[PDB]
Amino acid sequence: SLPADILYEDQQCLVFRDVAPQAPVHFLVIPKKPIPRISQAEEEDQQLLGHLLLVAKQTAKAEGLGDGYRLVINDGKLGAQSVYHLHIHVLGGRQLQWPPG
């Protein structure tokens, strides 16, 4: 991964490309605060969590996902969570299927 694979950063979060992409466009939004799982977020995280979704949405627009995309958050083993730090997946650039896994 190269520094340009960081698509966006601010005081609250980072956005970077997934090096194992499951779609033509596939990136990751994380908080700088190490919330390990969404099930362990608390009430104080409310603004931060809202901020992550807006950043996901803005980055999707900036990456050309105007025809549609999917946001995914995985929790625990059953969610297939692969790293114990909160990630929002953004996938686009192809037809997403249903069910979502």
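One-based numbering along the sequence shown.
- Sort the modelled residues of the chain by CA B factor and residue 60 lands in the middle third.
- Sort the chain's modelled residues by C-alpha temperature factor and residue 50 lands in the lowest third, per the entry.
- In the deposited entry, the Cα temperature factor of residue 100 sits in the bottom third of values across the chain's modelled residues.
- The deposited CA B-factor of residue 88 belongs to the lowest third of values across its chain.
- Sort the modelled residues of the chain by CA B factor and residue 41 lands in the highest third.
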